[PDB]
Amino acid sequence: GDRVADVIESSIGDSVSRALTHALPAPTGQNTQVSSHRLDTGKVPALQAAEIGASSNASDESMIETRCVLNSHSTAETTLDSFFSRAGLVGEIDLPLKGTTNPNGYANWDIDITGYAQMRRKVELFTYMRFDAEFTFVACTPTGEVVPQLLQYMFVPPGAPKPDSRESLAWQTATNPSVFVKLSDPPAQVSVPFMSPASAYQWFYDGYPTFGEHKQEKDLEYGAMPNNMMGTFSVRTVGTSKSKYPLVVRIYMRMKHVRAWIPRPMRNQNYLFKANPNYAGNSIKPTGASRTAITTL
Amino acid sequence: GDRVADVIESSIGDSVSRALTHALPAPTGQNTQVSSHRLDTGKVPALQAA
Amino acid sequence: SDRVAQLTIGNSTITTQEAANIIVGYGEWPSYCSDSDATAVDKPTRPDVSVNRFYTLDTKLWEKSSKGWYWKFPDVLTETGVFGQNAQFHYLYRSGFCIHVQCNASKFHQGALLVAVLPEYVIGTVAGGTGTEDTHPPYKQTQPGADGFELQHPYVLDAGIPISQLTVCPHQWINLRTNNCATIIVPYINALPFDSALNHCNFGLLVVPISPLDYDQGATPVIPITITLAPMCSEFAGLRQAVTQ
Amino acid sequence: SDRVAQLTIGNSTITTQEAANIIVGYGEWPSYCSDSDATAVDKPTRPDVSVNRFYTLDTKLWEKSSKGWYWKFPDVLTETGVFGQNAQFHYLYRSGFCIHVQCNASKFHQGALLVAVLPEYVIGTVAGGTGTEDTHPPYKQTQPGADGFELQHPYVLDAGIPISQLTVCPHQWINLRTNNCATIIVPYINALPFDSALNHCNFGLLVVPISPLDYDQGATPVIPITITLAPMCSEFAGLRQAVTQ
Amino acid sequence: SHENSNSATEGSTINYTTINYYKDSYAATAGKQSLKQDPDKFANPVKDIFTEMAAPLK
Amino acid sequence: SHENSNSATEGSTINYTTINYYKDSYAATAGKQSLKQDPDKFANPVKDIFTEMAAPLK
Ligand SMILES: Nc1ncnc2c1ncn2[C@@H]1O[C@H](COP(=O)(O)O)[C@@H](O)[C@H]1O
Ligand SMILES: Nc1ncnc2c1ncn2[C@@H]1O[C@H](COP(=O)(O)O)[C@@H](O)[C@H]1O
Ligand SMILES: CCCCCCCCCCCCC/C=C\[C@H](O)[C@H](N)CO
Ligand SMILES: [K+]
Ligand code: NA
Ligand code: NA
């Protein structure tokens, strides 16, 4: 029981997030209302105070004499699902015959979509994102040819044994999900749920994954978010003997059922490395085009 | 006939001269009323802005 | 009546006679974690007044050539007062913050600082200049503590993103002819209900001159920028011995 | 709340943060000509927004020795924009005007301009000095166009009348320590319902320094006076080819 | 239908309209989102809101 | 169904009868149009209409 007044009257524990704003339906662009001349003292829409941190509240109607316009222009194409639910390339896997990289007929790809700039720049507009996804696998030879070859794709979550050869016992796939498909078949396609241990994936994590001294050698771990590490994607030609053909698997991802939070400035310098915002210090370029003088076009 | 809103709501054509002042009868000079001391903040009749 | 203000919390009070309203980040006030969002089962500790109060941590000098600085939260406070102690003894922490940046001059000085809060402010390096070396920033640059850290390349926020768009984040400006402070309230931002005050900085505070400081010879040339902040709705859990990192 | 103002008409907006209210000449707002006052039978044209808008026509420099200037209405606008075209193509014209004279300085400058509107401002000449020669002012002095004209003898308004009594006309003062502009609204004044925009100037605008401009060496010495005006309730009739005079 | 509530958007303040043929909802199409917006959250997050007509700093 | 009104003909004075399997209406079949015609618009656009029996110019 509580008896001293400061305890009774305290707000310690209020779990309700007091919100100053709320969403309104806006299926179309706003309309324009008729306006006329205003010759007044006291009323001054045009004057603002940007220091406050808010954007100007002045509208067309108050700055010029406007007509009435019934705007039926839709806002549907700018929803998160509209912007993001379009398949883009997020991974390429090579399976050569005579090669330096994967001459053994299998390959392991750590799932990380930050290797391609188009897709990456788009998702990095937000800090946190939660979504489901549709993955499509397009396979062919390096010339774009289709050959009668059978492949196995397996999803290996963190902790499951990664295959170490085309004949690894792990390909028994008694629990992991695998897809068996021919290059001659249409691209394989599957749905993936939101799998992070967190409520969202986060393209930016200002911190370290572990405790301890963060000495120079363990600085490559700054920014590493295990909550974003979903595992490995493994592929192999299905046989006990080497395949007769060199292959390429291109991975496309289409997000769906998207939610995003905390928008941020968009990347303006070329990307250099996966999941790390390093930029070339000697080649810092302006965000856009430049001109010779401010008084000339 | 008029149908677009800006035309309906416009004041183009108002022939009435809006007047801010009006005449009052004044057959004699104004009278003087009794007044007393005023020791106040906020009230300042003497100060003007020509 | 919008230019004047008083912020009182704990045993501390701040006054200003040249304010520019108050920004409440993302439109919401700090709040404690709900029983449905929570996951850890131990009863949390909510010290209240001993930790939710204003702490004045640092003063920088604004010079005609300053590039700008940043601080990381809650890093700036992990070693200060009762808040720090709690952050060290507990694995889990969560809180909001009221940030009040101060800077006054004269009606004859000029300049404008952009004061903004950027969640998950991951720092990048110049990659050996040529961009061929995959270097990483050292602990002292990622978690600079109370002293903060000076930006090497403000135009790209030392992270390859344009400062020209930083206004998409909660912010205010300190434009000397107008105001002498910025006040921003920030709720707890993260993809988890609680986290480590040591391993993870939820956001960074940036103070960057966009219109350079200027004045005529003879006017006071020392123009300080002081940082004062107060945790709000602090909660801690997962108690054990104190740890500094 | 009387010091601040916004004037919006047409596609133009004016702002001021150091105003001194607004004068409405002779206490009445501009209005269109009534069917009982009118005499011409053709349906008039009332272009509206394309001509009733603010036009910024001229800038003069206020010097410690300036005598003052004047402009004639509607002469100042007969060659500008869609208004000018209408004034040239039509025999008949009528309109009111919103005049906004601008002049800012610093809290360290001083001086006061008298801004007034004088209907039927007929200019006189000095009559050969001795007063024996019946001379007349040249067209360029009676209808100076946008450039205006400088007063030769401000004390008598170049017309043998005392400027000391000019305040009997609609006016405002621009006293630097107080305001940076003057705003005067003028209705159509004439003994006829409509008239020629070319042959007759309904009134003159006078801007005359009464308390001389002054400041210490080192303060900005270029103090401009800019003239902006907007026709109101413009009406035209008696259409034919364009004529400039 | 009678499926699992697997979707990444289950519990969203905006309702979607989708198609599906499997027992797991995350397999469903993207569908149509609801058209609500809250610009103020980012563009006007001030404590004491000011009018369009007023002088922002008084 | 519950789709978007994307069709190039949305708001047409003649109604169509089509088939579709997608959320966007423009993906639908051409269907059947309505059989209305207005020859007069092109063949007889005169202000003062004249009869068949009369002498056109009187
Ligand atoms: N930010 C916005 N974007 C697009 N349309 C809007 C917006 N805000 C309001 N509207 C539309 O304008 C109407 C509300 O006008 P009001 O009551 O003055 O806010 C609604 O029916 C909306 O469709
Ligand atoms: N300008 C004026 N000159 C002379 N007498 C006036 C004037 N204004 C008002 N009055 C007189 O004062 C009375 C009105 O006083 P009040 O109601 O305070 O305006 C009337 O009965 C008038 O006779
Ligand atoms: C049968 C094969 C199925 C293939 C399975 C694909 C699972 C992919 C899950 C989507 C994960 C989203 C991306 C997450 C994190 C980023 O790529 C980086 N780690 C950011 O550091
Ligand atoms: K609308
Ligand atoms: Na305003
Ligand atoms: Na008074």
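Residues numbered from 1 in each chain as written, not as in the entry; some residues may be left out. Chains lettered and ligands numbered in written order. Part of a larger assembly, values for the part shown. Heavy atoms only, no water.

(A) Quick peek at the site of ligand 2. All names here are of chain B. As a structural note, the neighbourhood of ligand 2 is formed by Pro25, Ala26, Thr28 and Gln30. At 3.1 Å, a backbone N or O of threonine 28 approaches a nitrogen atom of ligand 2. Burial of ligand 2 by the protein amounts to 34% of the accessible area it has alone, namely 500 Å². Split by residue class, the shell around ligand 2 holds two nonpolar, two polar and no charged. (Near = heavy atom within 4 Å. Polar contact = N/O pair within 3.5 Å; in protein donor to acceptor, adjacent residues only side chain to side chain. Areas by Shrake-Rupley, 256 points an atom, 1.4 Å probe, with all protein chains shown as cover. Nonpolar A, V, L, I, M, F, W, Y, C, P; charged D, E, K, R; others polar.)

(B) Fine view of the packing of aromatic side chains. Applying the stated criterion to the full structure yields 28 aromatic pairs over all chains. Centre to centre, the rings of C:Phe73 and C:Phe203 are 4.6 Å apart; their planes meet at 20°, and the pair counts as stacked. Remark: C:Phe203 occurs in strand β11 (residues 203-214) and C:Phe73 occurs in strand β5 (residues 69-73); sequence separation between them is 130 residues. Between C:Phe108 and D:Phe108, the aromatic rings sit 6.2 Å apart at their centres with planes inclined by 70°, giving edge-to-face as the arrangement. Separated into two different chains, C:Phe108 in the loop between β6 (90-102) and β7 (110-119) and D:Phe108 in the loop between β6 (90-102) and β7 (110-119) make up a pair that spans both. Of the two residues, C:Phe108 and D:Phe108, neither departs from the other in class, the shared state being exposed. An aromatic cluster of at least three residues, connected via ring pairs, comprises A:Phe83, A:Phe84 and A:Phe126. Above the plane of the ring of D:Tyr55 lies D:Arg53, whose end atom (NZ or CZ) is 5.0 Å from the centre. In this structure, D:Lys64 packs its charged tip against the face of D:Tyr215, placed 4.8 Å from the ring centre. (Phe/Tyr/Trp six-rings, centres within 6.5 Å; stacked < 30°, edge-to-face > 60°. Helix = DSSP H or I, 4+ residues; strand = E, 2+ residues; numbered from the N terminus. Buried < 20%, exposed > 50% of the residue type's maximum accessible area, 1.4 Å probe, protein only. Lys NZ or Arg CZ within 6 Å of the ring centre and 35° of its normal.)

(C) Inspection of the sheet that holds β6(D) at higher detail. All names here are of chain D. The five strands lie next to each other as β3-β10-β6-β12-β4, forming an open sheet whose pairing is mixed. Each edge of the open sheet is held by one strand with a lone partner, namely β3 (23-24) and β4 (55-62). Looking at chain direction, β3 and strand β10 (residues 181-186) are connected through two bridges and run parallel. By the bridge assignment for β10, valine 24 is matched with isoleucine 185. (Pairing = 2+ DSSP bridges.)

(D) Geometry of the environment of D:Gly27. Inspection of the secondary structure assignment puts D:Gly27 in the loop between β3 and β4. As a C-alpha pair, D:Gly27 and D:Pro170 span 143 residues in sequence and 9.3 Å in three-dimensional space. Those residues in contact with D:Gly27 that sit more than four places away from it in its chain are B:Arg18, B:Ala19, B:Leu20 and B:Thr21. (Contact = heavy atoms within 4.5 Å.)

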